[PDB]
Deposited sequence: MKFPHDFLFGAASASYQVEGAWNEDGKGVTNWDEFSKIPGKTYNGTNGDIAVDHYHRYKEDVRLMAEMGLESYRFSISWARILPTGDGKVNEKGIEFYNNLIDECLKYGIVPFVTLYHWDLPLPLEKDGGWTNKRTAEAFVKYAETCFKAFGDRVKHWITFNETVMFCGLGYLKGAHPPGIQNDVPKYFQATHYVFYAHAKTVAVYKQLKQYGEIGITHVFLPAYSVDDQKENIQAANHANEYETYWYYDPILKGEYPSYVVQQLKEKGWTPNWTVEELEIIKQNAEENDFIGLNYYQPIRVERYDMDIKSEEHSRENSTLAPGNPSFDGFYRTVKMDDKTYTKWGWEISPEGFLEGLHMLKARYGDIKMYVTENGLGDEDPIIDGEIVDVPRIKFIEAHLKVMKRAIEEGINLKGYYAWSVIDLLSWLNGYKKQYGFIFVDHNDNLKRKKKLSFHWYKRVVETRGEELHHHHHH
């Protein structure tokens, strides 16, 4: 029974990706409801209108989780369900729905771990400039407090933000996510700052509520490596790590932003409009985080600009062989995080494989996914023996869901959803395997 009992095995979803019922029970419009209906933005013009219909089928879905012997379900609350316009009047039917989702998980002894913001911002607040406006950060702490008050007698594991890197990076640098802005780097760093503000402030609010759960943020964890032993390439990697780890992980865990990158934003005219009050709140609540969430998929191997580019030129990523796999990459990454942040408590809050799942006689035999998960689970076992403080694993995607960009195409998850048969669910091969892995508590030889 090798993983300890205070380690949770789980699976994850996000609201807009699974829920559907986009205009039901008083849900406000959100940024993604609008953005996905701009032609050419999303694969086949796919819609979060219905998604996988999880709103209406939640009792069913949680049953399947129960039958999986899932210990924890990580899901996201839709802000537009609780507070439709972002602030103002609370919507009692949003609270009714999430109370039911929570109570159902709980019937079966499944631990809700709630993500407050997984990219689905109510529209008014997007048009305010979203994360580039302090307003949106202040609206979020008010929203968070509403969820704590409503759900925190039962919910005792809370995530504020999923993957700030992406919703700021994709919306202001690459323009792939709303609001669709391209190479506006000062807005990007602004966005990240007001988010880190909203977080640390929300954490303060939570501790004041005396609910005695745990709270933390969940970042992309994209550990970066020099393509070889060359100094100029190792320099590129340090740079990579400064911008892609330290900028994200330092403000929340350490309470200070990292001076390397701060120096460079000043020297470029890219420093966000930040104030002492804000930076102090961030400073004062860094020690108040109970854990860090990691969304790990791959490392990145890098070489320098002269030697896929990074938003400041300087380095590029390169595919080669010493999308990427690398259990070795993930593990060294973990130690890299322990050296800097200490014995911080870690939840691998996403990890899994997107695929065109192989189908045989109507069965889904997703052995790539099993092999992906097994490999990472294996090195987490090593990591724990090597001292890392990992206390949970959340395979990205409990149930097939709507990709933001790629519609339905690259399945994620354990429960298959049948688009040809009224979105009927079916256990995949990974479902049966993971159930066994939970019951064995990860005894797959170590």
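Missing from the model, by position in the deposited sequence, are residues 308 to 324, 340 to 346, 471 to 475.
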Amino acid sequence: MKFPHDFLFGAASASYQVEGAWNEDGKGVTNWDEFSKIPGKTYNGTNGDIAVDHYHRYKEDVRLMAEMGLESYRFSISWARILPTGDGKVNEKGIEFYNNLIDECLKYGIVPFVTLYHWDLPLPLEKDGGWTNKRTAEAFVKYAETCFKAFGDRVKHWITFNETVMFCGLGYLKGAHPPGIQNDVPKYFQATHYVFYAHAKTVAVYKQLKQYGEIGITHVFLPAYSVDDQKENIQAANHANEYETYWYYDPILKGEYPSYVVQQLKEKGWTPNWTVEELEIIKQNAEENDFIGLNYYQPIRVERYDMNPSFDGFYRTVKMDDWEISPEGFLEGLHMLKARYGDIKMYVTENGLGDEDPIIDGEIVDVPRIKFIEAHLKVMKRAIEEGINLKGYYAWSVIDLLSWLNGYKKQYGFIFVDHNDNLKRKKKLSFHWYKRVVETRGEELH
From here on, numbers count along this sequence of modelled residues.
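Here 91 to 99 and 309 to 317 are compared by their mean Cα B-factor, and 309 to 317 comes out higher. In this entry, 422 to 430 shows the higher mean Cα temperature factor of the pair 7 to 15 and 422 to 430. Residue set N162, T192, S72, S326: peak C-alpha B-factor at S326 (per PDB entry).
Remark: of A395, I384, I50, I415, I50 shows the highest value [criterion: C-alpha B-factor in the PDB entry].
Ranked within its chain, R301 lands in the highest third, by CA B factor from the PDB record.
When all modelled residues of the chain are sorted by CA temperature factor, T85 is found within the middle third.
Remark: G216 belongs to the lowest third of its chain, ranked by C-alpha B-factor as recorded. Residue-level temperature factors show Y172 in the middle third of its chain, judged at the C-alpha atom. In the deposited entry, the Cα temperature factor of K231 sits in the top third of values across the chain's modelled residues.
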